[PDB]
Protein chains: 4
Amino acid sequence: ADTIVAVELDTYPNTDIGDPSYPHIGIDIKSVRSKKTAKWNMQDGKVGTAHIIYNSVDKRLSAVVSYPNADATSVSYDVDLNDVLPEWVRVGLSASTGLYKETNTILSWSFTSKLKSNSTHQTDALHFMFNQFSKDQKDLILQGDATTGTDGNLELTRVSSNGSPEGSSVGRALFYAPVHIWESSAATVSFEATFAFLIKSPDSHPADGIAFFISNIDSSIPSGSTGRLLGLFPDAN
Amino acid sequence: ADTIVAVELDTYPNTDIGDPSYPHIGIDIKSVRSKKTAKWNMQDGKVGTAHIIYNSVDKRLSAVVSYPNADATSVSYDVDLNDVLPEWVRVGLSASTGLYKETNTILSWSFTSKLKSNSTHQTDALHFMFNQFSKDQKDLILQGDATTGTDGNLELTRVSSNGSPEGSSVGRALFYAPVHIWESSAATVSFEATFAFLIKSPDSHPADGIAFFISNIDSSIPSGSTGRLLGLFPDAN
Amino acid sequence: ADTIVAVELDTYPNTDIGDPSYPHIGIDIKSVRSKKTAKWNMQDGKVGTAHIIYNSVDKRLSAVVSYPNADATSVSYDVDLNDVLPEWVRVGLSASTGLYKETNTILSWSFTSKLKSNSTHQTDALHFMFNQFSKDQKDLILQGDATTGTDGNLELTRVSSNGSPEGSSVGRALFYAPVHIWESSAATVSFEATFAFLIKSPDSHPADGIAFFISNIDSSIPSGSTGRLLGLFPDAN
Amino acid sequence: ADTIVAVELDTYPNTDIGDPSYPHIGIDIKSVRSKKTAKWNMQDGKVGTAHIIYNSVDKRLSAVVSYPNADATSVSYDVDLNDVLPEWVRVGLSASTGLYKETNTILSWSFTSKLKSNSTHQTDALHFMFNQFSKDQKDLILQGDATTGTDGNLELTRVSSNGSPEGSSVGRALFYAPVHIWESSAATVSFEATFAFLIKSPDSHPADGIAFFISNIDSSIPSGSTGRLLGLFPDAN
Ligand SMILES: [Ca+2]
Ligand SMILES: [Ca+2]
Ligand SMILES: [Ca+2]
Ligand SMILES: [Ca+2]
Ligand SMILES: [Mn+2]
Ligand SMILES: [Mn+2]
Ligand SMILES: [Mn+2]
Ligand SMILES: [Mn+2]
């Protein structure tokens, strides 16, 4: 079916589905129940930034979130990754809301991936960055409450005119253009993703979170992937 | 209809359609009849390389072809470009054959474009390079005699098993993913394309040429765009 | 002697030395008396951004300054450049003050240059960006009132503790590491520079300006290059 | 004193100094006696390519050598690195010869490093690539038998006019410009180095090897760092 491997920004502790006691960031492998996690003191009204890294060589999944003047969080997961995801995949981001609400916003999106080896010493690459999210991307793959064109930012969840974010939405955005993290002569595969985030929230118990993931090409939003589930996980934790 | 603006590598002088007396390189604007040209001493059996540049600021279309130890060619055309092509376009390459034959091969494909201004000081980009053209690109947009998977190269024209290139083909390859050379807060737009080429040819009168171009999204191959026409120009010079 | 070719941000009209009637930006070739200019409505207290571009091919010197929501300025000068500057040069920035005062500040510094051709299809490059200007760069070449380590910015002119900029200073900062814009097999040379600027100023007649330039390696500050002169021009307009 | 941390290409098994029974690649930390190693089947007369990677986050030292059609080698060492090397360092390459001889040649040199975090979301970078090693680099830091200007390559060891490599030499080349792998707001530091190599050798027992390393700024060649030692290790294994 539809598979995914992503890094989640869980501001809402959902201990039910083995979700911890506090808002955190975790690496989900085909599962919402992160394989690893790290306490994450969210910052209401502040601009954040998250970074991911992984080597075909080292075979490790690391990510780090942060805000200025503030101390950061670190978490890593050891994963070959070649047996999980396909040679050819797609990249995107998302976040859901259901019982409560919250803004789920990214002002910037930078993406680069490289493939090497082939001792041919050529290398094959794709990189790219955003910041002014106009209306009608075209190279953008928006699905759900996802919207574009408000203030040159990309807002994934439902928010009202004044600024009355809704809680029943789920936003998913993926690049129209695929990626390649394989290659026969593949003896080195690298990719780095780093996007900005502005997470407000009236309620003192913000929800439900934000992430980043890869997935099929014919990938579609989960049906009841609202709130925790994350809008990437098909239901069954 | 279908529009295009490209840089042509015409190894075959077709003076009929105002084509010069010798194999050359020219900039075609909605027309095969280059606006500018420059004598180009082709090199049979040798690896070449072509480069293009253009600034939203300077508003000039420059390209330069070359081989090692050998002297290069230069040609430029002054063109705003914002009134010709759409905000959103697609990028590709191609070449045709009809009366005669020839290989029309590129071993490498590098592409970068940047958009700036918005005094926001963010910038929005996309870059990427190829060299090992596997079978079933996916991020590749092949149309016609275009093929992939022979020796980690991209061969656009029809060539037989042994190596008996055909003469009735036309190969066009474009990136699956669109590009953006607009932007409201657009006060600077840049893009650089550079790919490799291996042009053999038994006959002492090789044909018919190779190029590079942008075009619509629903762009389709010309019908009788074989040989000179170039497989980008819809017939009517 | 000491030569320079730079792009000046003249907020102070000094018509005496053929300086126009209003604060502007101009391209100085061995001379302060810009070869070209363009009205420039400075923005007190606002963050700016300036961009430069030039091709060995097109052989044109273009730059563009701007702030958000605000309209930009454009100016270009046609200059081969290979007869002016040396194969090997150095890059930097500066600004002076003498009769009046003003802050002359850059928060960010991005720099890339490429050399191509050699039909070898290799290319030789150097790029780099700054934003958090710590104390004791080392890769930084500071001379004069130039300082580093205040708020992760690079302030070139003299400013007091509270924030009482002085008017008798001149700040020049250049990369410790040289550059190369030559090459025998040189048939294409490219470089792009873009840095941020925060220009305050109590007085309603700010001074004296900011720029960007290349120069010798044994380059040294002008003696009376205070104010207009610019701290790059050796005196004699 | 003079410290170094590098990746060695040991084609000569020197079991005496705990050097294995076969030509290999190993990571030397202040010591020649690699912390890790991996059998490496060298290819006489063939073009090679080596790659290194390390994250401030993952804190792992990985490198991979290879030639076309041929199977590669992998080796990694877990090393924070912040307690070993200084905030500010220099980058280079080298190789020695003493009892026997061999060419120790690199045709290409690509280098990029990034510093992030500061939740400021700016990042500070430096990248660059070579391939045509002209005479008198200037941005190059050559020491010893190191030479430049033969065929647009960088040859570090002594070789005669015809092509009669010597065996008593040692070549070290480092970038004139320093690097920065620190930063207070440092919560992510990345760098990737990849250069080409052509290792000939008449004798069926080539020697002595090639590497890559960082070190002090006032770094100087070892005195008896000929052969194994490597010309980076000060003698005392
Ligand atoms: Ca949760
Ligand atoms: Ca023709
Ligand atoms: Ca003035
Ligand atoms: Ca040894
Ligand atoms: Mn969770
Ligand atoms: Mn023509
Ligand atoms: Mn002026
Ligand atoms: Mn060893």
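The chains referred to below are lettered A, B, ... by the order of the sequence lines, with proteins before strands, and numbering in each begins at 1. Values reported hereafter were calculated over all heavy atoms of this structure, with side chains retained and with hydrogens, waters and symmetry mates removed.
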Sidechain N-carboxylate O distance under 4.0 Å for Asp203(B), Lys101(B)
yes

The test is side chain to side chain donor-acceptor pair (under 3.5 Å); show your working for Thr157(B) and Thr97(B) and say whether it passes.
CA-CA 8 Å; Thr157(B) 258; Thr97(B) 77; 4.8 Å; no

For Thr194(D), check side chain to side chain donor-acceptor pair (under 3.5 Å) against everything at least two apart and list the hits.
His51(D)

Within the side chain of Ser108(B), is there an N or O that forms a donor-acceptor pair under 3.5 Å with the backbone of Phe195(B)?
no

Only pairs at least two apart or in different chains count here, so list each ring-ring contact (aromatic ring centres under 6.0 Å, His included) that has a residue in residues 17-38 of chain B.
none

If we ignore hydrogens and angles and just use 3.5 Å, is the side chain of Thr226(B) paired with the main-chain N or O of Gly98(B) as donor and acceptor?
no

Only counting residues at least two apart or in another chain, list the ones meeting salt bridge (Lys or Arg N to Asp or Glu O under 4.0 Å) with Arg90(B).
none

Is the ring pair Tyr176(A)/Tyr176(B) parallel, tilted or perpendicular, if the boundaries are 30 and 60 degrees?
parallel

Ignoring hydrogens and angles, tell me if any N or O in the side chain of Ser34(B) forms a donor-acceptor pair with the backbone of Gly26(B) under 3.5 Å.
no

Taking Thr103(D) for its side chain and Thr105(D) for its backbone only, find out whether a donor-acceptor pair lies under 3.5 Å.
no

Donor-acceptor check, side chain of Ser94(B) to backbone of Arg172(B), threshold 3.5 angstrom: yes or no?
no

Would you call the rings of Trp109(D) and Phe128(D) parallel, tilted or perpendicular if under 30° counts as parallel and over 60° as perpendicular?
perpendicular

Would a distance-only check, ignoring hydrogens and angles, find a side-chain to backbone donor-acceptor pair under 3.5 Å from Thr188(C) to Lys116(C)?
no

May I ask you to check whether over 12 heavy atoms, not counting those of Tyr100(B), lie within 6.0 Å of atom OH?
no

Would you say the side-chain atoms of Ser96(B) pair up with the backbone N or O of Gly227(B), donor to acceptor, closer than 3.5 Å?
yes

When you measure from the side chain of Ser117(C) to the backbone of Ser185(C), do you find a donor-acceptor pair of N or O atoms at a distance under 3.5 Å?
yes

Check the pair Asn153(B) / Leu198(B) against side-chain contact (heavy atoms from CB on, under 4.5 Å), numbers first and verdict last.
CA-CA 10 Å; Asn153(B) 282 357; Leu198(B) 166 112; 5.9 Å; no

